[PDB]
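Notes to accompany the following structure.
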């Protein structure tokens, strides 16, 4: 509303709730993605680890950061997968997104564009690299001068020149007709005989006086029209029904929501939602207003997490259940994973629960607060990658009524949902199974990008993978952008940005 | 002030004979009034650490690893019993995280909260990690007082150190204090008692050894040996 | 002794739903309630009435344990018992584990751990 507030000039605002809930939701689709994104923008000192432990592999990807650089003139007229492969193989740079100008609006940030669209002269690609000088070398890349590149040091400055409401008005998100809370509320028995599986459970610690968490920002990314209707993950809220009634009017437009009126700490409610086989579990609190006990706000969250972990089921233990916990204090992260305590005085990123992605801290956004000063575009890329869209015109349309209005299926609407969705794939039974064991990461990335136009992201390697002892621990840690020569075991998940079909 | 006044008066009552002092103490809001209202009931012994229970550096300051136990006291006078219990569980969790191998004893204000201690993987109640629920036991003593009036007083004197004072006057106080000095202990039964029914060995202990045996442990090879209160002649 | 049971498995079952769920009568269930209950008995009209007056505590305890398998606990002696004045006060005080030679008046209650039948 401010006439002089020009976001194009650089005036951008960080919404702490928008981005926190978006990272949490993207963690549901890809476990550990919040930790991976956290290290892309925070300065974190690299410490060499001589021991063959998970910490060394984790810190290998921590030093990698995210930068923006204009693409060279040699890349004009080339498809995104080809230039991405050239940058990765030759320049050792991983390009994620670019800007496409349609001469109708502002150049949107296209996450992993396909081969349908080419690259114009004025493109500012987003790259991931440990240092900054490597990213700069992509600006003056010469195809003729640098045709043969034995090592990346060769490149230098010198060179040779129906009427059914299915989606919203813009089609960016799934939409459904508004429904009264009585259509989605349910009792223990109604939950217990429901066949829901691979769903998302969200436990809320909120009361009449607690503040709104703003759960809309948690629901929108989970259904951003990039997933099929059957592919959408069901969301079940466990908490006080009075609190849910406060902000239900902002969530009644989504197809798959359900609410169970009950305490998150109650084991009966969690068993009735069938949390044993749920795809993801999230713990949120809304009582951050309490002034007493400075380091005690994240009190019920750890109790709920331990209750979930220390819960048995009849055909197993609940430790294997993936849970995401919101922590307001970085000094209570170690209380989550009570299986390995290397040292009580440990860095937040080096802590195992944070590295595994099972714990998230709002402290992380205070670092994004700096990354947008040093590079203005980083916040826009993170927002468009996490929110799954949320164009400024869509933001305006939402602002005009504080709600989502359903649209109609039109050719432009159907073509609008052609972006990429964050997901994880395993090599145990996938097409790359032959490359799962004893295969270089770079070869796998090149094969995936050349075949399925899939941008192979970092590796969510299992913690007990390097050790030869058959450990039964299922906890895994994220490795951000492993090098070309890096090798991965078959029992490793890999993040990806899948296309739409 | 009250909690430490009643704890210290029993822990260091001088009726334990073969014991040391120990008590290190730890708090976060300091002993502002405690130092004038009572000090620590000793000057040379019993110290006070101004560091918190949650901070690992302060927990290292007390050398918790070298302690025999941590004892966690709770304010019965809390506004929210659930909050106080969850804070004490958070304390238990921090202590166990710093050192998995340590005995912890803990006051719980509500019974349903004791279940959360069993969620901690290193919390082994068989090793000795047991929690005292103040409401569980208070209401239990009150209820047992309904069945047997005065049972709460009898059980209170079985475990509290209380000095024995001789009363020459023929009053009820002398008879009452006669049974106050009696305390409760645990001892392994002799090999001569193996294969004998509980009433017979109890009679032998009472008549000969002047000892009153109440309960024993029976191992069924299926679970932990339960505490059988006055077993019959069947077993 | 106080909770009248409360086994750790039962505590876990209670913790799993924060409530009690009714079961069914089974031979193991019926045999489970074979423990002892705390109670009080008087010697005014009980089987030990002949031993109520001028009787040693130890003899009473031995007789009870040998006959009814009843663990004779301490004596809830009336406060105005030693005094010869016929006081009308009904207040009593607990005596914990009186010795073998201790003698009790007939108007005294005794704690006990009765069996089940």
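Heads up, residue numbers simply count up from 1 along the chain you see.
Looks like electron microscopy, 3.5 Å, at least that's what the header says.
Every residue, even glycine, has its Cβ placed from backbone N, Cα and C.
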Candidate ranges A:78-98, A:99-119 [criterion: Swiss-Prot lists as region 'Segment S8']: A:78-98
Of the residue ranges A:132-136, A:137-141, A:142-146, the one that Swiss-Prot records as region 'Heme-binding motif': A:142-146
Tally of DSSP helical, extended and coil residues in the region 'Segment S9' (A:195-215): 0 helix, 6 strand, 15 coil
Residue numbers, six or more beyond the limits of the region 'Segment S7' (A:21-41), whose CB comes under 8 Å of its CB atoms: 61-62, 64-66, 128, 200, 213-215, 217-222, 233, 279-280, 282, 284, 322, 324, 326, 349, 354-357, 360, 364, 367-368, 370-371, 378, 382, 386-387, 421-424, 457-458, 460, 476-478, 480, 495
Distant-in-sequence Cβ neighbours of residue A:334 (Ca(2+) binding site), under 8 Å, six or more positions away: A:341, A:344, A:346, A:351, A:352, A:353
Remaining residues near the recorded Ca(2+) site, that is with C-beta within 8 Å of the centroid of the site residues A:334, A:337, A:340, A:342: A:338, A:339, A:341, A:346, A:351, A:352, A:353
Among A:337, A:340, A:342, the most crowded of the binding-site residues [Cβ within 10 Å]: A:337
Positions on the same chain near the motif 'Calcium bowl' (A:325-347), where near means CB under 8 A and six or more residues out: 20, 24, 44, 55, 282-285, 288, 295, 297-298, 301-302, 305-306, 353-354, 356, 358-363, 473, 475
Per-state residue totals over the motif 'Calcium bowl' (A:325-347) - DSSP helix, strand, coil: 6 helix, 3 strand, 14 coil
